[PDB]
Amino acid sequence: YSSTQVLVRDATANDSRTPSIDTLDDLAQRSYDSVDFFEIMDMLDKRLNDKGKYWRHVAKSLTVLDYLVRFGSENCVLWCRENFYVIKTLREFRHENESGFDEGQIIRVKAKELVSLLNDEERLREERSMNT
């Protein structure tokens, strides 16, 4: 029974837990309600715009977005198309920790893939056709 604010905040929290499928699928289901959608995308917008030490907000928000564009509301797709700039800037996201370790690498990878997916509307439609 968790609120949508708490669910989306926990899913994208700054910690090393990756969002659970349980959580991604509940988000996806909730994305079909216009009020929940507002809440989910509000938080994801904030977190995708984070930088530097808060890279985990980005990485996780990207995972959520990647799941929503396949399993959530068609509005999740339209949102990414409307805010495509945010996603595209993430293909070059950098954060080197003070040990000289690139944490951005996986974000780049995912952002490159999601931009690719978004631009290949026929492939995206095929995937979306398999959702329940």
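Numbers for residues come from their place in the sequence shown, where the first is 1.
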Which is higher on average in the deposited entry, the C-alpha temperature factors of 36-44 or of 101-109?
-> 101-109
Looking only at C-alpha temperature factors in the entry, 80-88 or 54-62, the higher average sits in 80-88
Where does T23 sit by CA temperature factor within its chain: lowest, middle or highest third?
-> middle
CA B-factor ranking of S16, expressed as a third of its chain = highest
